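Student: Residue numbers (the authors' numbering): 505 to 552, 638 to 718.
For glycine and all other residues, C-beta sits at the position ideal for the given N, C-alpha and C.
Can you read through this structure? Questions will come right after.
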Amino acid sequence: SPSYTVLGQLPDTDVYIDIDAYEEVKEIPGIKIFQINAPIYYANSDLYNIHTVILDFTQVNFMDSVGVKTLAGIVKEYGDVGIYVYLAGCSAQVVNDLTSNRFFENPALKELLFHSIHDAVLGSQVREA
């Protein structure tokens, strides 16, 4: 799909790239990592034993209200079955767009934000069940 890319980890590093880019790159058991390549309502359409989904926002320069609402639905619905959705690599501007569209109306959702994919992977290691 052009709207998202499945990422894996290069073994014994903090490097995450396209699962199809290099043979030894492997997904982490219990975690799905998706790089967002188009506004999230496109990726969401494709969506339509995992404890964590990590969404890599490195490529995202801004979000619109429809995108933030979509994202909120994704976080909520995974959350309802105990799966955490983490947001990695959000720029200041993207965080501003999330905030303006009241994504953090519950300040607890601030805990879903991580600077890098690896930070998010490490955040999933031990946590509130």
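Near residue 645, what residues of its chain come up, given a Cβ to Cβ distance below 6 Å and the 5 sequence neighbours on each side ignored?
Tutor: As a first step, residue 645 must be located in the sequence shown, where it is residue number 56. These residues qualify, in order along the chain: 539, 677, 678, 706.
Student: Under the rule that 16 or more other beta-carbon atoms within 10 Å means buried, what is residue 653, buried or exposed?
Tutor: What you label residue 653 is simply residue 64 of the sequence shown in a count that begins at 1. Answer is exposed; the Cβ neighbour count stays below 16.
Student: So, for residue 672: in the same chain, excluding its five sequence neighbours on each side, which residues have a beta-carbon less than 8 Å away from its beta-carbon?
Tutor: Taking the first residue of the sequence shown as 1, we reach residue 672 at position 83. Only 639, 640, 641, 642 meet the Cβ criterion.
Student: Between the C-alpha atoms of residue 696 and residue 687, what's the straight-line distance to the nearest angstrom?
Tutor: By 1-based counting over the sequence shown, the position of residue 696 is 107. By 1-based counting over the sequence shown, the position of residue 687 is 98. Those two C-alpha atoms are separated by around 12 Å.
Student: Give the C-beta separation of residue 510 and residue 523 to the nearest angstrom, bearing in mind that I take them to be a contact with Cβ-Cβ under 8 Å.
Tutor: Here residue 510 is taken as the residue at index 6 of the sequence shown, counted from 1. Here residue 523 is taken as the residue at index 19 of the sequence shown, counted from 1. With a Cβ gap of about 5 Å, residue 510 and residue 523 count as contacting.
Student: Among 670, 665, 541, whose alpha-carbon lies nearest the alpha-carbon of residue 650?
Tutor: Numbered from 1 along the sequence shown, position 61 holds the residue referred to as residue 650. If we check each option's Cα against that of residue 650, 541 comes out closest.
Student: Give, in chain order, every unbroken run of the alpha helix (DSSP H) that is at least 4 residues long and sits entirely within the stretch 643-701.
Tutor: Complete alpha helix (DSSP H) runs here, min 4: 654-668, 681-689.
Student: Hey, residue 710 and residue 535: beta-carbon distance below 8 Å or not?
Tutor: Numbered from its first residue, the sequence shown carries residue 710 at position 121. Numbered from its first residue, the sequence shown carries residue 535 at position 31. Yes; because the gap between Cβ atoms is below 8 Å, this pair is in contact.
Student: Based on DSSP bridge pairs, tell me the residues matched to residue 508.
Tutor: In the sequence shown, residue 508 corresponds to position 4, counting from 1. Bridge partners of residue 508: 540.
Student: Is the CB-CB distance between residue 674 and residue 667 below 8 Å?
Tutor: Looking up residue 674 in the sequence shown gives position 85. Looking up residue 667 in the sequence shown gives position 78. Going by C-beta atoms, residue 674 is nearer than 8 Å to residue 667.
Student: Let me know if residue 664 comes out buried or exposed under the rule of 16 or more other beta-carbons within 10 Å of its beta-carbon.
Tutor: One-based indexing of the sequence shown puts residue 664 at position 75. The residue is buried, with at least 16 neighbouring Cβ atoms inside 10 Å.
Student: Do residue 547 and residue 680 have their CB atoms nearer than 8 Å?
Tutor: Numbered from 1 along the sequence shown, position 43 holds the residue referred to as residue 547. Numbered from 1 along the sequence shown, position 91 holds the residue referred to as residue 680. Cβ distance not < 8 Å, so residue 547 and residue 680 don't count as in contact.
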